[PDB]
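Worksheet for the structure shown next.
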Amino acid sequence: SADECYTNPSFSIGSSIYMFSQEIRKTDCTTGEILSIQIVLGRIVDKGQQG
Amino acid sequence: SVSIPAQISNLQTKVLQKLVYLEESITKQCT
Amino acid sequence: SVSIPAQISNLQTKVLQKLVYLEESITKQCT
């Protein structure tokens with residue numbers, strides 16, 4: 001969506017799990033409406049890639 | 001469909017070339 | 001996403017280091 005802006009990321013790594021959070025604002029990215037706040041929990045793994 | 005196939009194919013490549021080095025190493029060292 | 005990738009990466013590690021020991025073994029034994 002071109003009318004959606006992802007900002008104010010927050011990222012932290014624990015022992016194997018990570019927490020990630022992002023805000024979605026409407027258009028302005030600074031003073032625009034908050035449409036949602038999304039939090040993701042997951043792990044850091046080796047998938048056969050370089051990193 | 002994508003990620004696992006990639007992980008396995010990378011394994012195959014790495015192992016086979018290591019085996020190649022051993023084959024050459026034996027020939028050179030044991031002659 | 002988690003368990004299988006772990007199983008394969010562990011396989012890769014074990015095999016590669018065994019191949020390393022063989023490489024050294026050949027060099028030492030055949031000289």
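In the structure tokens, chains take the letters A, B, ... in the order shown, each chain's residues start at 1, and ligands count up from 1 in the order shown.
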
As number ranges by chain, please: the residues near residue B:2 (cut-off 12 Å, only C-alpha atoms, same-chain neighbours under 6 positions excluded). A: 47-48; B: 8-9; C: 1

Just to be explicit: take each residue in the selection above, keep C-alpha atoms, and write the result as a CSV table (one decimal), in the first residue's frame.
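The file below, part22.csv, is the result:
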chain,number,residue,atom,x,y,z
A,47,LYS,CA,19.0,-21.9,6.7
A,48,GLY,CA,22.0,-22.8,4.6
B,8,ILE,CA,20.0,-29.4,0.8
B,9,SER,CA,21.5,-28.4,-2.6
C,1,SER,CA,11.0,-23.3,9.7

With a distance cut-off of 12 Å and only C-alpha atoms, select the neighbouring residues of stretch 18-25 of chain C, excluding the residue or stretch itself and same-chain residues fewer than 2 positions from it, and output the selection as a list in words. residues 14, 15, 16, 17, 18, 19, 20, 21, 22, 23, 24, 25, 26 and 29 of chain B; 11, 12, 13, 14, 15, 16, 27, 28, 29, 30 and 31 of chain C

Need the shell around stretch 21-35 of chain A: protein/DNA/RNA residues with any atom at most 8 Å away, counting only C-alpha atoms. Skip same-chain ones fewer than 3 positions apart. Format as an MDAnalysis selection string? chainID A and resid 2:11 38:40

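All chain A residues having an atom within 12 Å of chain C, based on only C-alpha atoms, amount to residues 16, 17, 42, 43, 44, 45, 46, 47, 48 and 49 of chain A.
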
Take the selection from the previous step and output its residues with C-alpha atoms, as a PDB file, in the first residue's frame.
ATOM      1  CA  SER A  16      17.508 -17.689  20.616  1.00  0.00           C
ATOM      2  CA  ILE A  17      14.382 -15.575  20.183  1.00  0.00           C
ATOM      3  CA  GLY A  42      10.590 -15.551  16.254  1.00  0.00           C
ATOM      4  CA  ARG A  43      13.985 -17.263  16.246  1.00  0.00           C
ATOM      5  CA  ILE A  44      17.358 -16.798  14.579  1.00  0.00           C
ATOM      6  CA  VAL A  45      18.181 -19.889  12.540  1.00  0.00           C
ATOM      7  CA  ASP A  46      20.658 -21.319  10.013  1.00  0.00           C
ATOM      8  CA  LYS A  47      18.960 -21.912   6.658  1.00  0.00           C
ATOM      9  CA  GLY A  48      22.047 -22.779   4.608  1.00  0.00           C
ATOM     10  CA  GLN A  49      22.685 -19.178   3.603  1.00  0.00           C
TER      11      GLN A  49
END

Residue set, chain A restricted to strand (DSSP E), as a VMD selection string: chain A and resid 4 to 13 17 to 26 34 to 43
